[PDB]
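Below: query_28.pdb (PDB, C-alpha atoms and all ligand atoms)
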ATOM      1  CA  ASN T   4      24.877   0.383  -5.331
ATOM      2  CA  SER T   5      26.881  -2.840  -4.605
ATOM      3  CA  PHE T   6      23.885  -5.273  -4.701
ATOM      4  CA  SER T   7      24.936  -8.932  -4.181
ATOM      5  CA  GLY T   8      23.203 -12.297  -4.455
ATOM      6  CA  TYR T   9      20.186 -11.095  -6.449
ATOM      7  CA  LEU T  10      18.501 -13.201  -9.109
ATOM      8  CA  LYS T  11      17.934 -11.267 -12.389
ATOM      9  CA  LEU T  12      14.305 -11.769 -13.556
ATOM     10  CA  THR T  13      14.271  -9.227 -16.479
ATOM     11  CA  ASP T  14      16.827  -6.756 -17.842
ATOM     12  CA  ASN T  15      15.767  -4.225 -15.176
ATOM     13  CA  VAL T  16      14.173  -6.253 -12.265
ATOM     14  CA  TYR T  17      16.279  -8.246  -9.681
ATOM     15  CA  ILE T  18      15.063 -10.082  -6.546
ATOM     16  CA  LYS T  19      16.582 -11.376  -3.276
ATOM     17  CA  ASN T  20      15.372 -13.111  -0.098
ATOM     18  CA  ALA T  21      16.492 -10.404   2.330
ATOM     19  CA  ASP T  22      15.483  -7.802   4.901
ATOM     20  CA  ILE T  23      15.367  -4.396   3.071
ATOM     21  CA  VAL T  24      16.913  -2.777   6.176
ATOM     22  CA  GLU T  25      19.950  -5.050   6.086
ATOM     23  CA  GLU T  26      20.257  -4.555   2.330
ATOM     24  CA  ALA T  27      20.207  -0.764   2.751
ATOM     25  CA  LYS T  28      23.053  -0.947   5.332
ATOM     26  CA  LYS T  29      25.235  -3.215   3.125
ATOM     27  CA  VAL T  30      24.508  -1.592  -0.239
ATOM     28  CA  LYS T  31      24.166   2.120   0.583
ATOM     29  CA  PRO T  32      21.876   2.578  -2.424
ATOM     30  CA  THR T  33      21.191   5.912  -4.051
ATOM     31  CA  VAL T  34      17.438   5.353  -3.336
ATOM     32  CA  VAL T  35      15.586   3.102  -0.886
ATOM     33  CA  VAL T  36      11.819   2.821  -1.297
ATOM     34  CA  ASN T  37       9.552   2.924   1.772
ATOM     35  CA  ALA T  38       6.143   1.188   1.659
ATOM     36  CA  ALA T  39       4.474   4.305   3.175
ATOM     37  CA  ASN T  40       0.942   5.420   4.054
ATOM     38  CA  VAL T  41      -0.521   8.823   3.119
ATOM     39  CA  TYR T  42       0.377  10.557   6.438
ATOM     40  CA  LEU T  43       3.880   9.026   6.533
ATOM     41  CA  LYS T  44       3.223   7.404   9.933
ATOM     42  CA  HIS T  45       5.823   4.627  10.098
ATOM     43  CA  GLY T  46       4.056   2.532  12.717
ATOM     44  CA  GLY T  47       4.932  -1.038  11.783
ATOM     45  CA  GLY T  48       6.062  -3.427   9.073
ATOM     46  CA  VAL T  49       8.573  -2.259   6.446
ATOM     47  CA  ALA T  50       8.101   1.454   7.242
ATOM     48  CA  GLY T  51       8.501   0.920  10.994
ATOM     49  CA  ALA T  52      11.673  -1.139  10.394
ATOM     50  CA  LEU T  53      13.270   1.503   8.107
ATOM     51  CA  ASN T  54      12.314   4.268  10.599
ATOM     52  CA  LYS T  55      13.828   2.361  13.545
ATOM     53  CA  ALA T  56      17.077   1.888  11.606
ATOM     54  CA  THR T  57      17.300   5.716  11.371
ATOM     55  CA  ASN T  58      16.698   6.000  15.189
ATOM     56  CA  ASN T  59      13.394   7.842  14.469
ATOM     57  CA  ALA T  60      15.012  10.616  12.333
ATOM     58  CA  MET T  61      12.830   9.499   9.364
ATOM     59  CA  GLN T  62       9.589   9.973  11.376
ATOM     60  CA  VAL T  63      10.548  13.496  12.555
ATOM     61  CA  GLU T  64      11.438  14.544   8.999
ATOM     62  CA  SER T  65       8.208  12.950   7.697
ATOM     63  CA  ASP T  66       6.022  14.839  10.236
ATOM     64  CA  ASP T  67       7.663  18.131   9.161
ATOM     65  CA  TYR T  68       7.042  17.297   5.460
ATOM     66  CA  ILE T  69       3.336  16.566   6.157
ATOM     67  CA  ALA T  70       2.923  19.777   8.142
ATOM     68  CA  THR T  71       4.066  21.898   5.191
ATOM     69  CA  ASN T  72       2.727  19.848   2.255
ATOM     70  CA  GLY T  73      -0.234  17.827   3.503
ATOM     71  CA  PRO T  74      -0.718  14.050   2.998
ATOM     72  CA  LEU T  75       0.186  12.092  -0.102
ATOM     73  CA  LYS T  76      -2.417  10.475  -2.371
ATOM     74  CA  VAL T  77      -2.713   6.696  -2.722
ATOM     75  CA  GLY T  78      -0.487   5.820  -5.719
ATOM     76  CA  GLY T  79       1.710   8.888  -5.046
ATOM     77  CA  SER T  80       5.137   9.531  -3.559
ATOM     78  CA  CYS T  81       7.591  12.011  -2.141
ATOM     79  CA  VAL T  82      11.454  12.100  -1.950
ATOM     80  CA  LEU T  83      12.984  12.735   1.482
ATOM     81  CA  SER T  84      16.399  12.032   3.055
ATOM     82  CA  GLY T  85      17.724   8.490   3.090
ATOM     83  CA  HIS T  86      19.523   9.195   6.430
ATOM     84  CA  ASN T  87      22.042   6.401   7.142
ATOM     85  CA  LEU T  88      20.285   3.973   4.768
ATOM     86  CA  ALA T  89      20.546   5.616   1.365
ATOM     87  CA  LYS T  90      21.121   9.033  -0.317
ATOM     88  CA  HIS T  91      17.303   9.394  -0.670
ATOM     89  CA  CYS T  92      14.167   7.662   0.583
ATOM     90  CA  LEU T  93      11.322   7.467  -1.967
ATOM     91  CA  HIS T  94       8.145   7.162   0.165
ATOM     92  CA  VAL T  95       5.568   5.375  -2.099
ATOM     93  CA  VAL T  96       1.939   4.767  -1.166
ATOM     94  CA  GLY T  97       0.571   1.526  -2.660
ATOM     95  CA  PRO T  98      -3.150   0.725  -2.181
ATOM     96  CA  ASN T  99      -4.181  -1.041   1.033
ATOM     97  CA  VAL T 100      -6.819  -3.439  -0.364
ATOM     98  CA  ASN T 101      -7.543  -4.665   3.207
ATOM     99  CA  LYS T 102      -8.800  -1.072   3.802
ATOM    100  CA  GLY T 103     -10.871  -0.875   0.549
ATOM    101  CA  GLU T 104      -8.379   0.945  -1.709
ATOM    102  CA  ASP T 105      -8.342   0.124  -5.480
ATOM    103  CA  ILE T 106      -5.794  -2.430  -6.601
ATOM    104  CA  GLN T 107      -5.528  -0.545  -9.949
ATOM    105  CA  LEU T 108      -3.551   2.155  -8.054
ATOM    106  CA  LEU T 109      -0.645  -0.325  -7.765
ATOM    107  CA  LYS T 110       0.380   0.603 -11.340
ATOM    108  CA  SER T 111       0.523   4.344 -10.360
ATOM    109  CA  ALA T 112       2.484   3.395  -7.212
ATOM    110  CA  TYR T 113       5.199   1.516  -9.253
ATOM    111  CA  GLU T 114       5.270   4.348 -11.857
ATOM    112  CA  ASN T 115       6.943   6.542  -9.203
ATOM    113  CA  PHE T 116      10.027   4.280  -9.417
ATOM    114  CA  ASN T 117      10.676   5.472 -12.984
ATOM    115  CA  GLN T 118      11.951   8.881 -11.800
ATOM    116  CA  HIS T 119      15.075   7.185 -10.277
ATOM    117  CA  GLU T 120      17.732   5.240 -12.172
ATOM    118  CA  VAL T 121      18.486   2.615  -9.455
ATOM    119  CA  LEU T 122      16.277   1.645  -6.450
ATOM    120  CA  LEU T 123      16.240  -0.844  -3.576
ATOM    121  CA  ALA T 124      12.529  -1.587  -2.887
ATOM    122  CA  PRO T 125      10.030  -3.825  -1.131
ATOM    123  CA  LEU T 126       7.130  -5.593  -2.918
ATOM    124  CA  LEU T 127       4.458  -2.897  -2.872
ATOM    125  CA  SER T 128       1.051  -3.542  -1.250
ATOM    126  CA  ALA T 129       2.070  -7.085  -0.102
ATOM    127  CA  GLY T 130       1.931  -8.298   3.557
ATOM    128  CA  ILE T 131      -0.757  -6.594   5.594
ATOM    129  CA  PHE T 132      -1.707  -4.241   2.700
ATOM    130  CA  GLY T 133      -3.511  -7.318   1.296
ATOM    131  CA  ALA T 134      -2.543  -7.374  -2.434
ATOM    132  CA  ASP T 135      -1.716 -10.717  -3.998
ATOM    133  CA  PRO T 136       2.126 -10.713  -3.990
ATOM    134  CA  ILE T 137       2.373 -12.599  -7.281
ATOM    135  CA  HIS T 138       0.177  -9.894  -8.897
ATOM    136  CA  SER T 139       2.390  -7.134  -7.298
ATOM    137  CA  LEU T 140       5.504  -8.678  -8.890
ATOM    138  CA  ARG T 141       3.760  -8.792 -12.293
ATOM    139  CA  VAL T 142       2.795  -5.103 -12.030
ATOM    140  CA  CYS T 143       6.404  -4.254 -11.053
ATOM    141  CA  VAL T 144       7.903  -6.123 -14.036
ATOM    142  CA  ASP T 145       5.337  -4.519 -16.435
ATOM    143  CA  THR T 146       5.622  -0.983 -15.112
ATOM    144  CA  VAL T 147       9.129  -0.242 -13.865
ATOM    145  CA  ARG T 148      11.621   0.601 -16.603
ATOM    146  CA  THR T 149      14.521   1.792 -14.410
ATOM    147  CA  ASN T 150      16.695  -0.680 -12.424
ATOM    148  CA  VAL T 151      14.916  -2.103  -9.391
ATOM    149  CA  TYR T 152      16.327  -4.514  -6.782
ATOM    150  CA  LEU T 153      13.485  -6.097  -4.806
ATOM    151  CA  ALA T 154      14.155  -7.357  -1.259
ATOM    152  CA  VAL T 155      11.512  -9.799   0.022
ATOM    153  CA  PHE T 156      12.069 -10.852   3.651
ATOM    154  CA  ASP T 157      10.533 -14.353   3.487
ATOM    155  CA  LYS T 158      12.112 -17.354   1.817
ATOM    156  CA  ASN T 159       8.714 -19.115   1.332
ATOM    157  CA  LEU T 160       7.299 -16.087  -0.536
ATOM    158  CA  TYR T 161      10.584 -15.543  -2.460
ATOM    159  CA  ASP T 162      10.421 -19.115  -3.733
ATOM    160  CA  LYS T 163       6.768 -18.793  -4.765
ATOM    161  CA  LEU T 164       7.482 -15.466  -6.569
ATOM    162  CA  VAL T 165      10.459 -16.893  -8.532
ATOM    163  CA  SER T 166       8.503 -20.037  -9.454
ATOM    164  CA  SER T 167       5.599 -17.862 -10.694
ATOM    165  CA  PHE T 168       7.870 -15.633 -12.780
ATOM    166  CA  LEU T 169       9.609 -18.604 -14.410
ATOM    167  CA  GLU T 170       6.381 -20.413 -15.445
TER     168      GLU T 170
HETATM  169  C1  LIG U 201      11.562  -8.682  15.002
HETATM  170  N1  LIG U 201      10.884  -7.639  14.252
HETATM  171  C2  LIG U 201      11.012  -7.518  12.937
HETATM  172  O1  LIG U 201      11.407  -8.442  12.225
HETATM  173  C3  LIG U 201      10.705  -6.145  12.363
HETATM  174  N2  LIG U 201      11.179  -6.017  10.993
HETATM  175  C4  LIG U 201      10.453  -6.152   9.874
HETATM  176  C5  LIG U 201      11.337  -6.074   8.812
HETATM  177  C6  LIG U 201      11.050  -6.281   7.385
HETATM  178  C7  LIG U 201       9.912  -6.774   6.788
HETATM  179  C8  LIG U 201      10.181  -6.848   5.383
HETATM  180  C9  LIG U 201       9.484  -7.252   4.218
HETATM  181  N3  LIG U 201       8.271  -7.840   4.292
HETATM  182  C10 LIG U 201       7.364  -8.051   3.178
HETATM  183  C11 LIG U 201       6.428  -6.869   2.960
HETATM  184  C12 LIG U 201       6.386  -6.195   1.746
HETATM  185  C13 LIG U 201       5.548  -5.109   1.561
HETATM  186  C14 LIG U 201       4.721  -4.619   2.565
HETATM  187  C15 LIG U 201       4.797  -5.282   3.805
HETATM  188  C16 LIG U 201       5.606  -6.407   3.986
HETATM  189  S1  LIG U 201       3.944  -4.699   5.198
HETATM  190  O2  LIG U 201       4.919  -4.013   6.012
HETATM  191  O3  LIG U 201       3.237  -5.808   5.795
HETATM  192  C17 LIG U 201       2.794  -3.530   4.568
HETATM  193  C18 LIG U 201       3.471  -2.621   3.545
HETATM  194  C19 LIG U 201       3.820  -3.435   2.293
HETATM  195  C20 LIG U 201       6.622  -9.391   3.362
HETATM  196  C21 LIG U 201       5.611  -9.648   2.244
HETATM  197  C22 LIG U 201       7.623 -10.562   3.490
HETATM  198  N4  LIG U 201      10.074  -7.137   3.011
HETATM  199  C23 LIG U 201      11.319  -6.656   2.981
HETATM  200  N5  LIG U 201      12.111  -6.313   4.001
HETATM  201  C24 LIG U 201      11.488  -6.399   5.188
HETATM  202  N6  LIG U 201      12.016  -6.055   6.413
HETATM  203  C25 LIG U 201      12.581  -5.854   9.417
HETATM  204  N7  LIG U 201      12.491  -5.825  10.736
END
If you took the structure in this file and wrote it as structure tokens, what would it be?
Ligand SMILES: CNC(=O)Cn1cc(-c2cc3c(N[C@H](c4ccc5c(c4)S(=O)(=O)CCC5)C(C)C)ncnc3[nH]2)cn1
Amino acid sequence: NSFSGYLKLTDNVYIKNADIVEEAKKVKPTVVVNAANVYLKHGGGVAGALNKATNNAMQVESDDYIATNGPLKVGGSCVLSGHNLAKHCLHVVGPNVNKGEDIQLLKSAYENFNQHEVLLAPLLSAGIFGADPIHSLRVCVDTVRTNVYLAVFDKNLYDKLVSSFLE
């Protein structure tokens, strides 16, 4: 868990302008969070990037999990292998508001983080999931009580998020 160059926002929430994949390779965290969908199809964005860094081993393991257990719910999660990126991957489904899912489920999505002491994570429901990223950071700070290191791969968004937190 050798996180470097993060800015501490609260006693348990840290943030960095970084690619989560590159952070996972450098840090070797105990848990890396995936911004998953309910059938664990890692077809693009953050999930596609984490899967590609495992050379597709994450997708094969995810398909086997879904075959035995069925899909996740929106706001839910499952723990699978971290492969070469972490000890464990926590696959968390935040709401996709561009697809009509309720933004209120973002609190349930972050609540999954509280079962793990230390996590490297992306900003849930941001990007093409359509949630307002400043609102996602607020829900994270209000909901997560364990130690979370957020990697946001965009300096423009990073700067807006830090400015919003420090108002
Ligand atoms: C040349 N191809 C590539 O760059 C592929 N490639 C993408 C990455 C990569 C993207 C990324 C990231 N993006 C942020 C984000 C946060 C949450 C969600 C999304 C996006 S989404 O995937 O659109 C939908 C699910 C929720 C946005 C807001 C800057 N945040 C951290 N680490 C990240 N790593 C590496 N590689």
Task: One-decimal distance in Å that lies between CA of residue 86 (chain T) and CA of residue 149 (chain T) - done: 22.7 Å
Leaving out region 93-97 of chain T and any residue of its chain fewer than 2 positions from it, which residues lie within 6 Å of it when counting all atoms listed in the file, given as a PDB file with C-alpha atoms, in the coordinates of the input?
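Ended up saving to out.pdb:
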ATOM      1  CA  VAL T  36      11.819   2.821  -1.297  1.00  0.00           C
ATOM      2  CA  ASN T  37       9.552   2.924   1.772  1.00  0.00           C
ATOM      3  CA  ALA T  38       6.143   1.188   1.659  1.00  0.00           C
ATOM      4  CA  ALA T  39       4.474   4.305   3.175  1.00  0.00           C
ATOM      5  CA  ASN T  40       0.942   5.420   4.054  1.00  0.00           C
ATOM      6  CA  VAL T  77      -2.713   6.696  -2.722  1.00  0.00           C
ATOM      7  CA  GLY T  78      -0.487   5.820  -5.719  1.00  0.00           C
ATOM      8  CA  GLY T  79       1.710   8.888  -5.046  1.00  0.00           C
ATOM      9  CA  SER T  80       5.137   9.531  -3.559  1.00  0.00           C
ATOM     10  CA  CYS T  81       7.591  12.011  -2.141  1.00  0.00           C
ATOM     11  CA  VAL T  82      11.454  12.100  -1.950  1.00  0.00           C
ATOM     12  CA  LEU T 109      -0.645  -0.325  -7.765  1.00  0.00           C
ATOM     13  CA  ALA T 112       2.484   3.395  -7.212  1.00  0.00           C
ATOM     14  CA  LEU T 127       4.458  -2.897  -2.872  1.00  0.00           C
ATOM     15  CA  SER T 128       1.051  -3.542  -1.250  1.00  0.00           C
TER      16      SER T 128
END
Could you work out an axis-aligned box for region 19-22 of chain T, taking every atom the file lists and adding 8 Å on each side, and report centre and edge lengths in Å to one decimal, as AutoDock Vina command-line options?
--center_x 16.0 --center_y -10.5 --center_z 0.8 --size_x 17.2 --size_y 21.3 --size_z 24.2
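Checking T:85, T:48, T:98, T:8 one by one against residue 130 (chain T), counting only C-alpha atoms, you find the shortest gap at T:48.
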TODO: Give the answer as one residue: which of T:23, T:126, T:69, T:121 has the shortest atom-to-atom distance to residue 41 (chain T), using only C-alpha atoms?
DONE: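 Of all the options, T:69 lies closest to residue 41 (chain T).
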TODO: Using all atoms listed in the file, give me every residue within 12 Å of (16.1, -15.7, -8.5) in file coordinates, as a ChimeraX atom specification.
DONE: /T:7-13,16-20,152-155,158,160-169
Complete region 117-143 of chain T with N, CA and C atoms (output as a PDB file, in the frame of the given file).
ATOM      1  N   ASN T 117      10.023   5.100 -11.733  1.00  0.00           N
ATOM      2  CA  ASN T 117      10.676   5.472 -12.984  1.00  0.00           C
ATOM      3  C   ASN T 117      11.364   6.829 -12.963  1.00  0.00           C
ATOM      4  N   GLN T 118      11.220   7.626 -11.883  1.00  0.00           N
ATOM      5  CA  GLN T 118      11.951   8.881 -11.800  1.00  0.00           C
ATOM      6  C   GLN T 118      13.357   8.711 -11.217  1.00  0.00           C
ATOM      7  N   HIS T 119      13.785   7.465 -10.913  1.00  0.00           N
ATOM      8  CA  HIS T 119      15.075   7.185 -10.277  1.00  0.00           C
ATOM      9  C   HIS T 119      15.743   6.052 -11.048  1.00  0.00           C
ATOM     10  N   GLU T 120      17.008   6.183 -11.352  1.00  0.00           N
ATOM     11  CA  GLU T 120      17.732   5.240 -12.172  1.00  0.00           C
ATOM     12  C   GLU T 120      17.926   3.878 -11.514  1.00  0.00           C
ATOM     13  N   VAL T 121      18.208   3.867 -10.191  1.00  0.00           N
ATOM     14  CA  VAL T 121      18.486   2.615  -9.455  1.00  0.00           C
ATOM     15  C   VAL T 121      17.747   2.685  -8.103  1.00  0.00           C
ATOM     16  N   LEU T 122      17.018   1.616  -7.721  1.00  0.00           N
ATOM     17  CA  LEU T 122      16.277   1.645  -6.450  1.00  0.00           C
ATOM     18  C   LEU T 122      16.356   0.314  -5.787  1.00  0.00           C
ATOM     19  N   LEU T 123      16.427   0.314  -4.437  1.00  0.00           N
ATOM     20  CA  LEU T 123      16.240  -0.844  -3.576  1.00  0.00           C
ATOM     21  C   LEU T 123      14.817  -0.696  -3.064  1.00  0.00           C
ATOM     22  N   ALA T 124      13.951  -1.757  -3.244  1.00  0.00           N
ATOM     23  CA  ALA T 124      12.529  -1.587  -2.887  1.00  0.00           C
ATOM     24  C   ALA T 124      11.905  -2.872  -2.313  1.00  0.00           C
ATOM     25  N   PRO T 125      10.833  -2.677  -1.546  1.00  0.00           N
ATOM     26  CA  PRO T 125      10.030  -3.825  -1.131  1.00  0.00           C
ATOM     27  C   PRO T 125       8.937  -4.073  -2.181  1.00  0.00           C
ATOM     28  N   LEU T 126       8.226  -5.214  -2.002  1.00  0.00           N
ATOM     29  CA  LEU T 126       7.130  -5.593  -2.918  1.00  0.00           C
ATOM     30  C   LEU T 126       5.884  -4.826  -2.520  1.00  0.00           C
ATOM     31  N   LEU T 127       5.545  -3.783  -3.286  1.00  0.00           N
ATOM     32  CA  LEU T 127       4.458  -2.897  -2.872  1.00  0.00           C
ATOM     33  C   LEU T 127       3.145  -3.595  -2.639  1.00  0.00           C
ATOM     34  N   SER T 128       2.402  -3.096  -1.619  1.00  0.00           N
ATOM     35  CA  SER T 128       1.051  -3.542  -1.250  1.00  0.00           C
ATOM     36  C   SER T 128       0.965  -5.006  -0.778  1.00  0.00           C
ATOM     37  N   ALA T 129       2.087  -5.707  -0.621  1.00  0.00           N
ATOM     38  CA  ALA T 129       2.070  -7.085  -0.102  1.00  0.00           C
ATOM     39  C   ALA T 129       1.945  -7.032   1.459  1.00  0.00           C
ATOM     40  N   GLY T 130       2.078  -8.195   2.112  1.00  0.00           N
ATOM     41  CA  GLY T 130       1.931  -8.298   3.557  1.00  0.00           C
ATOM     42  C   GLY T 130       0.557  -7.818   3.979  1.00  0.00           C
ATOM     43  N   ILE T 131       0.506  -7.015   5.025  1.00  0.00           N
ATOM     44  CA  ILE T 131      -0.757  -6.594   5.594  1.00  0.00           C
ATOM     45  C   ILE T 131      -1.511  -5.550   4.744  1.00  0.00           C
ATOM     46  N   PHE T 132      -0.929  -5.056   3.636  1.00  0.00           N
ATOM     47  CA  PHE T 132      -1.707  -4.241   2.700  1.00  0.00           C
ATOM     48  C   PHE T 132      -2.656  -5.110   1.852  1.00  0.00           C
ATOM     49  N   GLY T 133      -2.498  -6.430   1.844  1.00  0.00           N
ATOM     50  CA  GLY T 133      -3.511  -7.318   1.296  1.00  0.00           C
ATOM     51  C   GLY T 133      -3.495  -7.613  -0.192  1.00  0.00           C
ATOM     52  N   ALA T 134      -2.599  -7.021  -1.001  1.00  0.00           N
ATOM     53  CA  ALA T 134      -2.543  -7.374  -2.434  1.00  0.00           C
ATOM     54  C   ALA T 134      -1.933  -8.754  -2.609  1.00  0.00           C
ATOM     55  N   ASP T 135      -2.306  -9.423  -3.693  1.00  0.00           N
ATOM     56  CA  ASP T 135      -1.716 -10.717  -3.998  1.00  0.00           C
ATOM     57  C   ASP T 135      -0.272 -10.480  -4.415  1.00  0.00           C
ATOM     58  N   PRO T 136       0.710 -11.030  -3.674  1.00  0.00           N
ATOM     59  CA  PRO T 136       2.126 -10.713  -3.990  1.00  0.00           C
ATOM     60  C   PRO T 136       2.628 -11.151  -5.372  1.00  0.00           C
ATOM     61  N   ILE T 137       1.999 -12.187  -5.920  1.00  0.00           N
ATOM     62  CA  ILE T 137       2.373 -12.599  -7.281  1.00  0.00           C
ATOM     63  C   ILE T 137       1.888 -11.542  -8.280  1.00  0.00           C
ATOM     64  N   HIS T 138       0.708 -10.982  -8.049  1.00  0.00           N
ATOM     65  CA  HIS T 138       0.177  -9.894  -8.897  1.00  0.00           C
ATOM     66  C   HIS T 138       1.079  -8.650  -8.718  1.00  0.00           C
ATOM     67  N   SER T 139       1.506  -8.312  -7.474  1.00  0.00           N
ATOM     68  CA  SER T 139       2.390  -7.134  -7.298  1.00  0.00           C
ATOM     69  C   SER T 139       3.690  -7.283  -8.096  1.00  0.00           C
ATOM     70  N   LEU T 140       4.289  -8.478  -8.106  1.00  0.00           N
ATOM     71  CA  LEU T 140       5.504  -8.678  -8.890  1.00  0.00           C
ATOM     72  C   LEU T 140       5.247  -8.481 -10.375  1.00  0.00           C
ATOM     73  N   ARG T 141       4.115  -8.987 -10.891  1.00  0.00           N
ATOM     74  CA  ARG T 141       3.760  -8.792 -12.293  1.00  0.00           C
ATOM     75  C   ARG T 141       3.612  -7.317 -12.628  1.00  0.00           C
ATOM     76  N   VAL T 142       2.933  -6.555 -11.759  1.00  0.00           N
ATOM     77  CA  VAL T 142       2.795  -5.103 -12.030  1.00  0.00           C
ATOM     78  C   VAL T 142       4.169  -4.427 -12.011  1.00  0.00           C
ATOM     79  N   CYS T 143       5.052  -4.805 -11.080  1.00  0.00           N
ATOM     80  CA  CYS T 143       6.404  -4.254 -11.053  1.00  0.00           C
ATOM     81  C   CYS T 143       7.154  -4.504 -12.355  1.00  0.00           C
TER      82      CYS T 143
END
